[PDB]
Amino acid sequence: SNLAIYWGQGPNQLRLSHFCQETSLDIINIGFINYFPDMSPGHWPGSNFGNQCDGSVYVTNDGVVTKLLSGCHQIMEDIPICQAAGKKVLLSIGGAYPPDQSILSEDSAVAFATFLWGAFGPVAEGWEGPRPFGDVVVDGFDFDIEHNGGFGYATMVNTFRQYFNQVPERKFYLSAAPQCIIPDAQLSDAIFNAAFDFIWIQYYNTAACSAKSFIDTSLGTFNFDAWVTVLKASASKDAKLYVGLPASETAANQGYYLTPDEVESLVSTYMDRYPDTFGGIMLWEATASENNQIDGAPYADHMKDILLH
């Protein structure tokens, strides 16, 4: 039913508003808040959106240079277009670079979520901190934690929910991007102990359980069945599960991209098998989709057709 895509790390990517105009996209995850407070300058989080933003950064009130970008003008301009078009825009935390970020304590997990809520959530009279996207309010937060284990993330999720519940008139969302092996070293703890709305399983780069292994069963064993089972047991039991795929041949490691016809064979099986739990498709990522035109349309448009068929 829904199609989610990452944007922000594509080489020479088009600006976000280009993807705000793409009807087929339902959810866009903007990557990334990639530096975490415990190990970053000023103890502020830091951000990177590839070729976007003017390169300026915030300083702390004592003059310490942070890694949080302060001139993301096109992003600020573009998010409201996405939302006007009915898309959900989630700010993604983590991403694969750098490899050395984690959360060291319960207190800092809570403080990280508090900061992000203040900086990127609803505008509040009592916040005197940075507003990197101005008066824009994101639709929630994606946990793309790719290194260093699982500590802290459940606490962050729970903290965000407490905050969401103070704004009962607006819906916000939380998501996670585990890889396919169960247990997932970064996110099984958060999925077991806290409640995500969406979970997109990355079904590329691990041979044991990839989407490609549905097509060629000699490679591995595609394990969406196992993920349904593990979720029914978790605090995330009401999450919808998405199949995460590369949007071109070069978006991930060699051998993990599926043709539209291959995706249709997988999705038809699994959407039929799990009509309530199967949420849709997630794509890595917007620029690879856009650059992979098939019969005059980007890969993402072909994915939505499969989902609606």
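Each residue number is its position in the shown sequence, starting from 1.
Visitor: For the C-alpha atoms alone, is the average B factor greater in 160-168 or in 128-136, going by the entry?
Guide: That would be 160-168.
Visitor: With reference to the PDB entry, specify whether the mean Cα temperature factor is higher for 206-214 or for 230-238.
Guide: 230-238 has the higher mean C-alpha B-factor.
Visitor: Highest Cα B-factor in the deposition, which of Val64, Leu258, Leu68, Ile30?
Guide: Within the set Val64, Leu258, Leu68, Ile30, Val64 shows the top C-alpha B-factor.
Visitor: If I read the C-alpha B-factors straight from the PDB entry, which of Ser47, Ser40, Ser248, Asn51 is highest?
Guide: By C-alpha B-factor in the record, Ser40 ranks first.
Visitor: Split into thirds by Cα B-factor across the chain's modelled residues, where does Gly121 land: lowest, middle or highest?
Guide: Bottom third by C-alpha B-factor.
Visitor: What third of the chain, by the recorded C-alpha B-factor, contains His73?
Guide: Its C-alpha B-factor belongs to the middle third of this chain's values.
Visitor: Which third, lowest, middle or highest, does the C-alpha temperature factor of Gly152 belong to within its own chain?
Guide: Top third by C-alpha B-factor.
Visitor: Among all modelled residues of this chain, ranked by Cα B factor, put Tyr274 in the bottom, middle or top third, i.e. lowest, middle or highest.
Guide: Tercile = highest for this residue's CA B-factor.
Visitor: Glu264's Cα B-factor: lowest, middle or highest third of the chain?
Guide: Highest third, going by the recorded CA B-factors of the chain.
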